[PDB]
Each structure stands twice: as C-alpha cells, then as structure tokens.
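J.:
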Amino acid sequence: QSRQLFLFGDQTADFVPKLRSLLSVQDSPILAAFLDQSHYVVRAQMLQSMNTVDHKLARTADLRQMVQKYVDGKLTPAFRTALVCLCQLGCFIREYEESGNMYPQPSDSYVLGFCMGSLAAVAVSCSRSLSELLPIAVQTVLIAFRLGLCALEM
Amino acid sequence: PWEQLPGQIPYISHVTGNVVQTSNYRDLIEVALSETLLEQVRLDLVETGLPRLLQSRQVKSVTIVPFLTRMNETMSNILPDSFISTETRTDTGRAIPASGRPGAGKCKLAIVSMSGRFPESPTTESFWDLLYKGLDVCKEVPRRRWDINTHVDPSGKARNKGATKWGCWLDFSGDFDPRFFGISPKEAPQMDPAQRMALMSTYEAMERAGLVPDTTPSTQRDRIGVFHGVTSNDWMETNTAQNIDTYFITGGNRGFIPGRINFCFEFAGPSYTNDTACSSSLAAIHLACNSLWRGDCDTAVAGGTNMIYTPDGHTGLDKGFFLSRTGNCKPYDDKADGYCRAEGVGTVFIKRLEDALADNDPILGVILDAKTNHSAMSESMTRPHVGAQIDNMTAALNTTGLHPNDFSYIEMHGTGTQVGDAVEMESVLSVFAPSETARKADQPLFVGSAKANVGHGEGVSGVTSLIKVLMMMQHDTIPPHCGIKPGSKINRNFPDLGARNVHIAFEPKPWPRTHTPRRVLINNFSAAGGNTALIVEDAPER
Amino acid sequence: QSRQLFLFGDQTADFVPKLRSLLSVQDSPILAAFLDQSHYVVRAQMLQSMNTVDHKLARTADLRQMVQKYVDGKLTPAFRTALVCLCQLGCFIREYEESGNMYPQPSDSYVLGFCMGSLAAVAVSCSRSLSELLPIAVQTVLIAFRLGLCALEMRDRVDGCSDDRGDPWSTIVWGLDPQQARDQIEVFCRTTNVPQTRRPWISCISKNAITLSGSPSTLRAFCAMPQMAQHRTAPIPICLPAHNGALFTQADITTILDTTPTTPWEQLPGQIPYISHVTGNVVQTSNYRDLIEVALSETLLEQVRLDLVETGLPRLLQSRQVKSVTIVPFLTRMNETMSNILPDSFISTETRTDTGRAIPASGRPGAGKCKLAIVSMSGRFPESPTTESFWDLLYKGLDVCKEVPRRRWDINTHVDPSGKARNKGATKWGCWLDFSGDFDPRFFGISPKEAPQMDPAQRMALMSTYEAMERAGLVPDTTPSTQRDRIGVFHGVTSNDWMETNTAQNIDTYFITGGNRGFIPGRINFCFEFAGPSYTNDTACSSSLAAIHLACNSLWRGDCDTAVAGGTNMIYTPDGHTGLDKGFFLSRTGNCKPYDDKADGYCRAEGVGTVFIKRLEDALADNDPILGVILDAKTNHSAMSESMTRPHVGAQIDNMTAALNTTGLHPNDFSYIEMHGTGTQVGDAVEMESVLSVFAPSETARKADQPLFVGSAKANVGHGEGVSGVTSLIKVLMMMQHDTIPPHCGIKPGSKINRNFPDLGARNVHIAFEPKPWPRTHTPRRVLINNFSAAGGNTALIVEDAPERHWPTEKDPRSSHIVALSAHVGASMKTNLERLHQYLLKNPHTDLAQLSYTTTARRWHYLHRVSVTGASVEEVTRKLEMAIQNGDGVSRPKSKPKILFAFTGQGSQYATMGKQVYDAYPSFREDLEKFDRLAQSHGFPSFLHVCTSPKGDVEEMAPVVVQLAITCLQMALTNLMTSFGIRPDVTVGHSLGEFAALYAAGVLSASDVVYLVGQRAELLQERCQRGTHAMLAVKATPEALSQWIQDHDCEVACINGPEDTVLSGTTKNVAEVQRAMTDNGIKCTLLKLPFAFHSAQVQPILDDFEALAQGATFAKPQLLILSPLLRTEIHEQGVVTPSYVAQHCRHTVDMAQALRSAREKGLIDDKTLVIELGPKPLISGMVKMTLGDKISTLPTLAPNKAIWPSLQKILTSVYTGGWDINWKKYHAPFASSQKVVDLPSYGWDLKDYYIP
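Protein chains in written order, with this note's numbering: chain A, 1 to 154; chain B, 10001 to 10542; chain C, 20001 to 21252.
1) With a 10 Å radius around its C-beta and 16 neighbouring C-beta atoms as the bar for buried, classify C20161 of chain C as buried or exposed.
2) Taking contact to mean at least 3 C-beta pairs separated by less than 8 Å, is the stretch 20379-20392 of chain C in contact with the stretch 20574-20589 of chain C?
3) Is the shortest distance between the beta-carbon of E95 of chain A and the beta-carbons of chain C less than 8 Å?
4) Would you list the residues sitting across from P21195 of chain C in a DSSP beta bridge?
5) Identify, in the order they occur along the chain, each residue of the same chain with its Cβ nearer than 6 Å to the Cβ of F8 of chain A, setting aside the five sequence neighbours on each side.
6) In angstroms, rounded to a whole number, what distance separates the CA positions of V10137 of chain B and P20029 of chain C?
7) Any contact of the stretch 20159-20173 of chain C with the stretch 20263-20280 of chain C, i.e. 3+ C-beta pairs under 8 Å?
8) Who are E10537 of chain B's beta bridge partners in DSSP?
9) Would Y20918 of chain C and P21175 of chain C be called neighbours here (beta carbons separated by less than 8 Å)?
10) Tell me whether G10338 of chain B sits in a helix, a strand or coil according to DSSP, three-state version.
11) Using DSSP with H/G/I as helix, E/B as strand and the rest coil, what is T10276 of chain B?
12) If you drop the 5 nearest sequence neighbours on each side, which residues of the same chain put their C-beta closer than 8 Å to that of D36 of chain A?
13) At a CB-CB cut-off below 8 Å, which residues of chain A make contact with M20102 of chain C?
14) I believe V20825 of chain C touches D21245 of chain C by the beta-carbon criterion, under 8 Å. Please report the beta-carbon distance rounded to the nearest angstrom.
15) According to a CB-to-CB cut-off of less than 8 Å, which residues of the stretch 29-43 of chain A neighbour chain C?
16) Any residues in the stretch 53-79 of chain A with a beta carbon nearer than 8 Å to a beta carbon of chain C? Which ones, in chain order?
17) Taking C-beta pairs closer than 7 Å, name the residues in chain A that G20366 of chain C reaches, listed in chain order.
18) Would you say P17 of chain A lies against chain C (beta-carbon separation less than 8 Å)?
19) Determine the extent of the beta strand (DSSP E) in which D20399 of chain C is found, giving its start and end residues.
20) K10351 of chain B by DSSP, collapsed to three states: which one?
21) Looking at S20378 of chain C and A20468 of chain C, is the spacing between their C-beta atoms short of 8 Å?
22) Using a Cβ-Cβ cutoff of less than 6 Å, which residues in the same chain neighbour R20925 of chain C once the five nearest sequence positions on both sides are dropped?
23) Among C:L20147, C:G20711, C:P21177 and C:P20803, which residue has its Cα nearest to the Cα of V20629 of chain C?
24) Closer than 9 Å by beta-carbon distance: list the chain B residues that pair up with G148 of chain A, in chain order.
25) Over the uninterrupted alpha helix (DSSP H) stretch that includes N51 of chain A, give me the two end residues.
26) Tell me which residues of the stretch 10370-10394 of chain B have at least one Cβ-Cβ distance to chain A shorter than 9 Å, keeping chain order.
27) Check for me: the alpha helix (DSSP H) holding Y103 of chain A runs from which residue to which?
28) Near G10457 of chain B, which residues of its chain fall below 7 Å by C-beta distance, leaving aside the five closest residues on each side in sequence?
29) Kindly indicate which three-state DSSP category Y70 of chain A falls into: helix, strand or coil?
30) For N10360 of chain B, which of B:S10435, B:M10071, B:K10335 and B:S10218 has the nearest alpha-carbon?
31) For the beta strand (DSSP E) containing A10300 of chain B, list its first residue and its last residue.
Next comes the structure, spelled out in structure tokens:
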C-alpha cells in the first residue's frame, strides 16, 4: 500500500524566509503555542551556557526579535541549529494544522532526517496527535540548541 | 519512564539506510546525536537502502504503490529520480473551514473616527486645508488671553514673570454647548476649557462613526473605555480666584477629563489618564490598544489635550535655551533653534477590526503595533539616545513583520532642536534607509512632521500626528514640508539624503491608494526619556 | 475487532460544574480557542434574535460571565441548549487534548447522541483531527443556540401566558404502556375539549417508562386524575417543546439552518459512523450539513425510541464483529448518564464495557492566563518609616490622626473665615510624614544642591524602590527577567504638592525639567537605568490600584518582564484644604472612622508604596521571595449614577462579580475583604451592601463555618487618596506574613454597628476586635481589595497566597562561608555592619550558607567593601564585631590591583591532585574530562587517573601522563577563575607552566597546548635516556658558581632567586660539584630525576621538536607574558614561534630576571595579587625571595589541605581589591543555600534637605 515519507534537512537550508512565514500565521493555536514555548525554553537555556558579554548582545524577548538578531550577526552559530530545527518542526505543525489531515500513523508513514535534521524526525515519530507533539517538539528544540553549543565549544 | 514517550512511526537512519530498532524518545534522541556527531552520513547507502526497504514491505502487501514525499528543506528532487523505477509524489494543502477572526490579541485595531481642534483649525477639514498648502501659524499672544504690554518690566526675578512671547493658542476656546451635556450655564465657566472641547470633539468623533450606545455588541455602555493623555493642566485646578464654590476642585482635578467623559456619555468601562509629558497621547493610545488586546473593553476613546491658558510654563523652559525666541518648530535643517508651544485637542475611536467590520463602521486606518521604551542609558534624561530609538523602531517592525521598504512615509517627532532632530534622523536612516543602494530602489521614503505646521503640542503631538496621517490617506497626498525655505539648504549632517532615496516633499505629492496598503511610522519622544512608536496601515476594501 | 462508543446526553444533565471545570484548564490551546470562538459566535447571534429588554439582561463579554448569568436566572431556556452542547464538545476536546491519544477514526469508532446530544455527535463524526474539529464545533454550537431559540419561540406560540410558566413541559411516568397512554390521552382530550395544539404527546419510549410532554397546565391535569394515580411520576425540569411532528415541520429546520452555507455541501464529509437515537440504526453516510439536518429532524419531529436503541446496538456490532476477529469489548466514552444503562445488555448477550484516562507533561502557562507574583514591597506610612512599624501599628490597632505640628507652622494664626484672600486656612487635621526631608542623594548620583529642589515624594519613592529591589534580591542584568530593557515603572499619583506649583524662591533650568508630573516614573527609570515602558496614572482615589492594574496588563501582554508599581500622595501644600472643606465632604474630627453610626468624613494622609511584580514563572525560576499572587484586576465606571460622586451599588457589584468570574473562585473561598471604607456615613453603606450581596448574600448562605472578616487600612492610617491601593495591598501582604487578622478600630467598644447592618453576625460576617489567628494551611487564603474614587472609577484586586515550593534542604559541603558588605560611602559601611551584627545577635540560628548567598549573589556591590569568613554564625558575628571596631571599609578603597597568574613547573605532582575542586564544581570536572578526552584524540594515554585515584606514584607513570595532568589541571583552573570573573593582567610559567601561561594569554588553543606538551614528552621518552643527568639546588648567586661550572662541565638550569640557583649535568659531574661545594661549606640539595629539562640531556630532540611545533597556531598575545627565556616581556605577535618553544625547553629558566625586569618596567608593583595556579605553590617562594614580603601570593591547591580556605581567600582578596566577582557561579553548585534571607535594609546616609 501507499506510504508517506517525511524528510527533514540540515543547517545548509535557507530558513529565514520560511520562519518569517510561520511568525505571520493567524488561525493556528498549536503553532503559536509551539513558537512561544520554544522561545521560552531557549531563553532559559541561553543564560546558563553564555558568557556575560555574549549574552547581552543576543538577549531577546520574543522569537521575532531572535529571528531579527540572527540576520544581523548578533547571535552565534549555536542558534542556527536551534532555529533550523524550530523551522522544520513549525513547518510540519502548520502543514498538519491547516489541512486538518489525520496525523501520521505508524502503519502508513516513515520519517527520515539528514545531518541534524534527525532530531525533528525523532520528535515527529514519537507522537500520536498534534497535542502530544507540542511538548515533545519544545524539548527537541531545546536539545537542538544544546547540540549547537557542544559543537561551538569543540 | 524512559518510555514516557514510545516511538510510533518507523525511523530510518541517514548513516546506515536501515530502519532503527523501535525504542523510546530518549533512546532515539541519543541515536540521533550519535549519528550527527560520531558517524559519517552515507547518502549513497540511504539511496540504495530506501528503495529496498519498501520493496521488502509492499511486496508482502497489495503491491508497490506511489509515495507521497513531504519535505521541509530539500532532498526531494533526488528521490523521484531514484524512484521512477517505482512510486513517487509530493504534497500541499490548506482546506479547513474558516473560523471566528483572531481573538482580542493577535488582531489589528481599526480607527473608526476622529476629531479635534488645532491652531486656526476648528475642524479636521481646516487642519488639512492648512497642511495642504504648507502654512505655519506661529503667532504671538493677543489681548484676549493676556497682554504683554501689561507685563512690561525689567528682568523677571519676581513671581509670574515671562521670558517668551510666542505660542499657538486656540482663539475658539470659550465656545461651548452646556445644555447638550446636561450642565448648568453657571457651571460652564468654571469648567476647564480643554474638558469642554474634549466633550464636543468626543461627540463629533462618535457621530462620524455612526456610533449609538447599546445598539451593537461592541457598543454596550459597559464595554467602552476612555484613555486620555494630558501632561499640563492650565486654569483647571490652581489658578481660579475670581469665584470659588464647593464644586470647584471636585470635578476637574486631573482625572475628571476621562471621568467627566465617562459620566457625560455614560461610558461604564475602564478610564485612565496618562502623564508621559511629550508622548502622553501616543502612550495613552498604547494603553487603549493594550486594553483592547486584553479584552477589558470593546471600544476605546483615546485622545489628548494640551492647554497653555496659564503662560507660567514659558518661564521655566526658557532657561537652558530649550525654548525658541523665534517662529514655529522649524524641524531638521541648518536653521533650528527651538520649538514653539501649541494647544490642541484630539480624539479617535478605536475598536478591534472584527467589531468595526461587523458594525459597518467607516474605518479610517488600522493600528498594527504600539511600542514604548525608555532611553535610560543616556548621559541625561533630556539627551536623546540613538540606540534606544533604534531599538523601539526595530521592536515595532519586528512585531508587525514588515520590511523597512513597505513604509512610504515616516511621521517624525521633529522636536525642532538643532541637535534633537539630528539624533532622530540617523535613527530613521539606520532603521529605514541604511545605505545608498539600500533596498530602496524605486520606492521613495518621505519624512515630515505636523510640528512644522502647527507647532509642538507637548501632549497632543501623538494624536495630532495620527490625525494628520489619517487625513493623508483620506486625500491621497503627501503634504509639502515647510521646515526648509526654498532658498535654504538641508543640514550638513544629512549630506546625501537623496542618494539614499529619502526625500522631503516641497509640493503636494500624489500618494495614490492602490491594492498595496500604505504604511506609516509615527514617532513620539519626551524629555522624560520615553519613546513611543505607532505603526498605521491602510484600511482594506470590504 | 474492538471499538469505541461516544455518547452525548441531553439538556437534563447537570453541566455547570463540568463547564466551570473546563474554564479552569491551563495547558490546552485548542480548548481555549474553542471556548473563545464559541462565545464570540453566540454573542453575535444573540443580538439578532433577542429583543432590547431581554438582551440587556443577558449581555456578556466572556464565557465565564455567561456561565455566571445562567445560574442567576438572567438568561433564557435557549441558552441551556447552547451551553450543554458547548460543555459536551469542550469535554471531548479536553479528554483528547490532555491524553494525547490518536483522534477517533472511522474504522474503530461509533458516535451516538440523545435528544439534542446528536449535534455534538455530528460535529465529532465529521472530523479527522482536533484541528479540523475546532471550526466545526463552533458552528455546531451556533446551530444549537438557534435550535434553542426556535424551541423557545414555539413555546411562546402555544402558551403566550407561559412566559412565567417555565414549569416542566415533561414528566416521566413509570409502568405505562405506550398504547394505553395514547388511548388515555385521546379520551381525556376528547372529554375535556382541549385544543389540538395543547394535547399531550409521548416524547420518549423507554423499556420501563415513557416521557409525556405538553403544556404544564394540561399535562399536570392529565396526570393529576384517576387511572394514573398508581403510576409513579417525576417531572423533568426542561421547559421547551420537542419531539413533536404535529407542532414542528421541515420549515422550522430550514429556518434553523439559514446562516450556515458551505460552498460544497461535502466541504466536510462524514468519517465516523453515526447511530440514530430514533431508529437505532446507522445513518447513511453524508456530509456535515445533511447530517445536522437529520439531527434537527430527529430532535424536533420524531420520537426518541430508547427501546429500539437497546436492541439496535447489540445487533449493529454483532453483524460487524462477526466478520472481524471475534466478539470483543466496547470501550464506552460517555458525556452524561447513559454509560451504565448500556452494560445491562452490553455485558451479557453482548460483549463488554470500559473507560480510561492519560496525560503527558509540559511547561507553565505563558504571559497571559498566568498569575503574577509580588516579590517585594516597601513604603512609608504615617508614623511608620518602614513596613515593620506599619505592621506593629496595625496589630495593636492604633489610629494616628493628628494636627499639623507646631514646628512647621501654627494653625492658630491662620484661623480665619472662608478664604477669599490668599493663604487663608480653614482646617487643621491631616496625617503627614515627619520624616519627609531625609534623603541620600549621593547614592542616586544627585548633587546635594539639586536635592532640596526635588519633590519629597520623588525622593521617598527612590529610596522605597531601592529597598523593594533589595528585599527581592534583584540585581539588574543577571537573569532573563531582570534585563534592564525588560523592567517597567507604573506610578499612580493624583496630587503633587510642591512639585509643579509652589516653587517661587528661584527658577532655573532644573525647575520644569525633572519634576513636571511624569518624572516620578521617568526619574526612577533614569536613576535605576530601567529601559522598559513607563507610565503615570491619575484616577484620583484609585490611582495606585489602577496603576497596578496597568502594570499587570503590561505583564500579561509581554511589554515587560518585571514591573515596579507604586503610588505616592503628598499634602506638602495644605492650601487646598480650604477649598475641599466647604461642603462638609472633608472631616472636622478624627481619623476615617469607617462604617458605623458615627461617621462624618475622612482625614487626608500622605504615604509612599512600592511593590515589585513578575510573572510567577519568572519568580519561581529566580528563587525570589514571593509575598503573594495577583489573580485578577478589574476596573469599571459608575457612569449610570445621579452624579460621579454618588456611589452606585450596581457598578460595584458588577466589578466584584467580574473579578470573581475571572478568577473562577466561589465567594466562600475568601476569608478577608479589604474594603475602601471611605468613612462617609452614606458612602460606606453602599459598599457594605455590595460586599454582602457578593460575598454573604443571606443568612444560611454558603457561609456555614467559614467566617468572613472585613476591615480597611483607612481606619489605622487614614485616606491616602492615591496610596490607598498600595497601602491596602501592603497591609494585606503583611497580614499573610504574620498570620493574623488585625483588630478593627473603626467602632469603639461603647459604640455600635450602624443600624443598616443589623445582623452582620447572623450572616457570618464579623469585624475583628482583637487580633485573630489566621493560620497558613494547605488551602490558600484569598483577599479582595476595593478602591473607589469620586471620579466614578472602581478597581478590584484579588490576592492569593503564595505556594510552598520545595526549598531543598541539604547540607552544604563548604566548611566556611563568605559574608560580603558594601556601601557607597563610609558612614553607610559602618551602618550596614552594625545592622547585620545586631541582626545576627538577634537571630543566632540563621542559616550561614543562605546568608552568604544573599549577601554575595543577590546584592549589588558598591565602592567600599568588607568581607568576613567564619564556620558558624557566632564566628561570623565575632568577626563582624572586630570589623566594626577597626573600621575596615570606612576609608576610600584606592586604585585596584593588578592580577598576575603564575603557573608552576613539573616538580609539583602528587596523587589525588586537585580532587577537591573536581568534587566541588561540575564545571571544573567537565573541563578536566574534556581535556582528558582531548589528549586521547591526540594519541596520548589518559591522565585522569592521576587526579582521582590514590594508587601509583611514579612507577607506572611516564613523563607524558604527569606533564599533561599538570598542564590540563592548570588550564582547567584558569577556566574556573575566568568563570568567577577573575581576569589576569599578565602571566608567567616556570618550566612546564609556560604552556599554560600561553593558553591563558590567548597565544595557543587547548589542542595546541596539549599537542605541544605531549609531543615534547613523547620525544623525550623515545630518544633521551633516563637517569643520566641530575639537578642540584644551590644557595648561592650564579656568579659565585662560575668556576665550579666551567670546570665540571655543568650548567645553570634555573635561577629561582637572588641566591637560589639550580645546576644540571651528568651524575658524576653533579657529585663532584656537590663534594667540592660541601668542602667549601655551601648548602646544596641533590634531586634525582628521570629526565632533566633545561640541560644537555634534551639536545637530540631540539630539531625534531621545532619541526613539530610548525603545526601549532601561535596567535597574538591577549595579555602580557613574562618570558624567563628572553628575560623580558612579550606583547607582539611574532615573538613566540616554533623557534621560541624549541629554545625554551633547552635553555635556562631565569624566573628571577623576568620578575625583576617586570618590576622595573612598572608592570607589576608590590600591591598586586599573585594567584598561583598549580598543584603546589613553588613560585610563591620565588616571588617572595625575589621581590619582597610586601607582595601577596595566593595559592590554589596543596597536598593535604581543604580547598575552601584558599579559594575563599582568593575570592575575598579580589573582591576587596575592587574587582567584580561572578558570585552566582561561586554559589551555583549548592542548591540548598540558594534562598533569600530577609536582612536589614540599606543604611541610608540620610540628611535633612528641607527647604524653608
């Protein structure tokens, strides 16, 4: 029988336009919650793992300001991993929150990710509905931000 | 439990090309990080193993059938080529029924009517007629208010001694209709003139929107709030000496402007007054917008007043050279020496766009964002900070999600100081026209301020500027800028404004209404350090 | 195959409790959206289909108010259909949004609804996910409201005289056959001559009972007659027609489905099979609109045949499961009351029944839908320069109303009739603050000349704001919520005395600027560098509470992360008394004296008040001391009154009800009401009936054993007219602090309550006369605060009790603790020292670790500084006393010192090296393990066993492991000092510490240091031979040893001091020199080494090592490097190269000359801190012998010692020098001590800036 393949890409992608698209959607409650909570968790995490001078340049109150400061070179390469994972998960969330389709199921779906696009694949594969995917995706965004900090240190 | 989240959909590895053994969330994130940091990504193995993975599965099933491919960044195009041996497809769709409009938040605010009083302009029509030809109405005090010849005296070391003579008062300040508002004609002279003009302007704005209380869900008397912005009250609570009664301080202290509007019109929603001295009205509009976004009200009456009935305020400012010994504000140029104080009234009615669309109301414009911050990290409160203003304008832009090239006009604060305007100009250029050959190619940006035409309102500046901007969209015309004389020149600190595609109108410019909305940025600053920024859009065609 | 059944009930259910439960859920976005949108659509629809009088009674702004007005009988029966459908759909949404289950699917689910419960069944069956179900459910709620309106219209069309007769239109009759009931109905109607439209009809036919519907008058007369007395009957409280095809028609349904077009009828097809409650069969699959029409047909036109449902279902799945695996259970998801009827046949003669529940976990609610935590407070009140004095005055129940003191001005002379002239007095009362001129301008960067021109309220607001910031342990730019650009100021002020009006002595540039009226919050913003929004409010007698409302609104919107809400009221100019005390509005007697049969007015009072507010999440994350929680703020206007001054009971009732609806609390959850208590004879009467109507409506009201107390701070301090809101909030917060309801002083023992409140006690509403115990328990204590103004505005604030978090008690591994004090001048240093000493004497049982945490991490550190270290509170107290006696920080600090990092050589290794820091700080452990992994990736063996294990000394250890262990330990120590905020100004390493110095200087990266050290050690091991050379430490100047070295072929290895030198050479030559200089009396120490660097033993590896060093990147030094090789300083890029590193390992270490040259060039003085990084202090002796005893050397580690004395000495020396420590990193790994202790307030350097 037919199947569906979900593919997630790596950091080489151009995510700023697509992310700017997500921040403008209007009738999606789960997407708005996802963006808010992802920013909250990353804001908490970035105080612990940043020095005082580097944190003051990158401090943001909202996700739109974070996306602004990224394109101005006021963030670090660690934020790129987090923002690409966040864009991929938000794109999935919007695609399935706007079409009203049945959530992907074990018997008719596969998931694949490339070169750090596998975090979003893991998060998506471990859910049964869009309501269960919200906390898992926020946690995955946190882990993707932590992956970028480990590589910056190395 | 490590299996708090088990795995449901099968997972394929990008370093092996096989299906990963089913596990829980934590055990699968660890596998992902191991593959990312410890292993080689073998795309050839992926390409060889993905076709074989399906072949071993669908063969046991009915047959091998197409494959919908859902992508997020790339690598689709490779798959249909490797798959044309069998099965492939792609995806798109947005097909659920519409809803009720975005709630109290995440929604735009519609300005449905306006009114006010401005120097030599007892209406908004006269105000536009004065803007159109680029007139300045800086003028001295007449005998009606107070005669300077009676103040002839040496250096004013005594009490109530003036040091400046300019000022743009309103000649039509005593006119009122007390019977319409259920007020005794004996009580009328004891009222503050600003209060009476605010009452009449509020009724006029209510008339212009066709608003009748208790006739629509959004116009129930308990859902209408009043948000006034006032900083200096002249002959409202202190001066009066000819007559005093019990109802003298009660009814007019300072909170009775919105309170009297609430009582006279029977508005039973929240009521506030703001003192942010030179951005009181725009900050009050911000508070009204916040109340509408929270849900505290369904309709807001945001306005502001500025009266100079007592000229005592002239002496205080004319000590550090802050005030001007010359004509009108004269914004940015190599001629600035100060600003001239002006009086005024201004009202706007604001709803949420949904309520104005349902009520068939005449939308004048749409508010997209209001932002306020403080230039606290400055050498002094008076000194403006370029970084703070840049941060405020950038915050507004980030919130609205618009590019700097979507804006065709900037309504500047144009304080009129020689250095004051310099800071705001570099802030504007840094935000909107950062460089030559910047994204400005064939989309000019014009700048100007109502402070060139009517003076500095010090509390009605925000409402005055908003009313001016709404009347530009009404008449589809960018008015000429009167700050620079034809024989003068731009300030040397702005050497190549034109090279950046930033112009200052000298004759009325056509500003046609098209399918693309026209966006404006309004700026207001105070010597107290507060900065407010308001983004106004074009109303839709319904 | 198993399957699920979803059941939906009818209007007979009890939905108010469940609906109230739904309105309180917090982490469900789709449910919140559903509730919002359903209310929006019904609000739109109810204006069209309601008359003007009936709409005004039922108008609501939110769903919580709708649910409130329903239970008050202010709605119509049409709203009950809508609300029941809404409750069913919301219950389904919550069940599937909290469990995270897969949405119901066509192949494993069925849906069934009863008697208008079929609308929700249709909506649920026409969806594939919860995102597609939201709009469909909102539309279904609209259709249910329209169905209710149609039924109401038909009820009025049959009985227009039944607007009041909403009596049961239905009843249940047991043991009556349908045919017998039909015949009896026919006979009764024929005999009594009842019009055809009023005949009874059977609505439901169950197996045991039938339901009879009709007009109440005819229905009761039919049942209340013989031939039906035997049957037991009950009435159904529904009062609408339905299930009558002789009254309704398809045209009614067509009218219902009028405002519901979707372009394709199959815009929403059906997915889950649908079962009819009038047939018991599966309805043929259709689209949404065709299925809603079927539902309405069944509801309004057909008999609900429950008997056929019982037989229909078993047969339906019996023919289904049979083709499936076998007969399998039936999970039943129910919404109302039919779950247990099903098993009667579903457990035997059929399959089974079940139920379940589940949930995942997430994070707290966002900026909205979240509570606001009050983290600190401060203020000034009459006779109470602190909040402690204010409480001490509240507890004893005193009134401080008094006349103006004679010190300022005498009232006797001003005695005059009506003040037609200038400066004429007419009043004498008023509660001023005696302590109004005191200020500390230097703390705020204000000239003492400027201070007298400031408004006293502004200065007191500045000091109170700093005190409140201190009490919360708030340091700007240290947490996400305390970034300077996320802090706003919301002040409420109505009357400004001698701030903008009276100033006449002199006029300057700083007259209008700085003090107009908006400069209170503006000056706070500037002085504290708060760069968020700033507002001032004038709402005269509710300015402070309305400003708190504005601050709460900003926090709920997201404009700020921290809010500074306060208010002031000053009467510094009493000239305004005469105007107000004309119509008897003011009082010619004592204090406010709230409600009683003696009230005559109120007395004006001054005050200041500040509170710091965050969102509860941010205060929980910051470990802040939460005082209380704000749940709701509400504001409205009493505009529909005879006058603004006159209070309106309806408006106040509406405001309090709005607050209660928003919070979702019952009136019985409130144990105290803080009333406005204006003090007027009639003014208080209106507020009392409002309070009773809201909270204690009647005798035997829900008040049974839960008393309600009332009172007001206006009885104790007077009427603040702008600080009343903050004053009342501070009083209420200080009541929760001391667990006591204070006595009420309004009524004297010999007086009596006002006769308008005759039976307050009978309602369980009391007024405390003695302090009442108010214990803190597991149930939070809720308070309502009221504020009104003569302008007509009413504000209401609901304050809760803070939760109990965890406070993770656990012993601190540290043996000693640091206690830090600081001040901007010397007088404040002495004051703060004395205050902390007295506090510790008064509280000898305080936690020392938490005291250190509070004094260091949660404070800002000023110029003058003092430090103390002790093992217990008593030792700390003694040391504080000694510091007071000597006057430690009273003298101006003087310039800061330079910091020199010295790195030890390779003779300092020992087992269990730096294991104490490895066990104390996870960051140090992580760094050391990172370096150990880094070396292994370079091809070297792991060295971590050297620093942890206690086994093996030199036998199993090669040079590479020990050298790398020393070097990586030094690099980790450098990282740890850098985390604490210690920045070296210059570095120097002896022999193997040169590499660590280069790493600290920015020349080399960690990998380059590891690579060079390991490659050098490996080359040494491979080529050279062990045990050929030896070193000799000699107590003689190197010049004096020229002859002995030029004849025995030795060499100078190191020059460690003016008279300390180390010589190297072959064993035989070393022994010969030792003998020769022992015969000459010189004292020499012989050292046996396996490899001797800086000797001829390392010649062979010189060329090989220089080639390997080409691969390392030598960057520009970031700080000065002292070079013992060049005997000079390095400050350029090209000096350190592979040629430098090759010579370093072969030539002599002239540490003495490097230090001397650094001293001569002025780069290091005697007042510089030499921090010695390494396993053992050896360069400390070198520095002492070379430079002198006036230079402070601070070791880090030692073989047999505790780290804490040494680490704390380093931190204390750096801190007292004037540098800033990252105290949060020093306390980070000890969560037990991370709690704020309530220490004294700042020792302000107060002076009287009173202007004559």
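Every residue, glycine too, gets a C-beta built ideally from N, C-alpha and C.
T.: So, from the data block:
1) Answer is exposed; the Cβ neighbour count stays below 16.
2) Verdict: no, contact absent.
3) No - not a single Cβ of chain C is within 8 Å of the one on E95 of chain A.
4) Looking at the DSSP assignment, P21195 of chain C forms a beta bridge with C:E21172.
5) Within the same chain, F8 of chain A has close Cβ partners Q88, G113, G117, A120 and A121.
6) If you take the alpha carbons of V10137 of chain B and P20029 of chain C, they lie about 55 Å apart.
7) The answer is no - the stretch 20263-20280 of chain C does not touch the stretch 20159-20173 of chain C, with fewer than three Cβ pairs under 8 Å.
8) Paired residues: B:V10366.
9) One thing to note: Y20918 of chain C has its Cβ no nearer than 8 Å to the Cβ of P21175 of chain C.
10) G10338 of chain B falls in the coil class under three-state DSSP.
11) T10276 of chain B falls in the coil class under three-state DSSP.
12) Residues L63 of the same chain have their beta carbon placed closer than 8 Å to that of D36 of chain A, with the five preceding and five following residues left out of the count.
13) By Cβ distance, chain A contributes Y103, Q105, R128 and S129.
14) The Cβ separation is near 6 Å, so the contact holds.
15) In summary, the residues of the stretch 29-43 of chain A whose CB is separated from some CB of chain C by less than 8 Å are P29, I30, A32, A33, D36, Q37, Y40, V41 and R43, in the order they occur in the chain.
16) When C-beta distances to chain C are compared with 8 Å, the residues of the stretch 53-79 of chain A below that value are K56, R59, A61 and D62, in chain order.
17) Taking a Cβ-Cβ cut-off of 7 Å, the neighbours of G20366 of chain C in chain A comprise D36, given in sequence order.
18) No, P17 of chain A lies away from the interface with chain C (no Cβ there is under 8 Å from its Cβ).
19) That residue, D20399 of chain C, is in no beta strand (DSSP E); it is neither H nor E in DSSP.
20) When DSSP states are grouped into helix, strand and coil, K10351 of chain B belongs to the strand group.
21) It is a contact, given that the beta carbons lie within the stated cut-off.
22) For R20925 of chain C, where only same-chain residues beyond five positions count, the Cβ hits under 6 Å are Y20918.
23) Comparing Cα-Cα distances from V20629 of chain C to each of C:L20147, C:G20711, C:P21177 and C:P20803, the minimum goes to C:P20803.
24) Residues of chain B with a Cβ closer than 9 Å to the Cβ of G148 of chain A do not exist, since the nearest Cβ in that chain sits about 11 Å away.
25) No alpha helix (DSSP H) contains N51 of chain A, which DSSP labels as neither H nor E.
26) Taking 9 Å as the cut-off between beta carbons, the residues of the stretch 10370-10394 of chain B near chain A are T10394, in sequence order.
27) Per DSSP, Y103 of chain A belongs to no alpha helix (DSSP H) and is neither H nor E.
28) The residues are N10306, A10342, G10344 and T10464.
29) Reduced to three states, the DSSP call for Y70 of chain A is helix.
30) Taking only the C-alpha atoms, the option nearest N10360 of chain B is B:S10218.
31) Where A10300 of chain B is concerned, the enclosing beta strand (DSSP E) stretches over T10299 to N10306.
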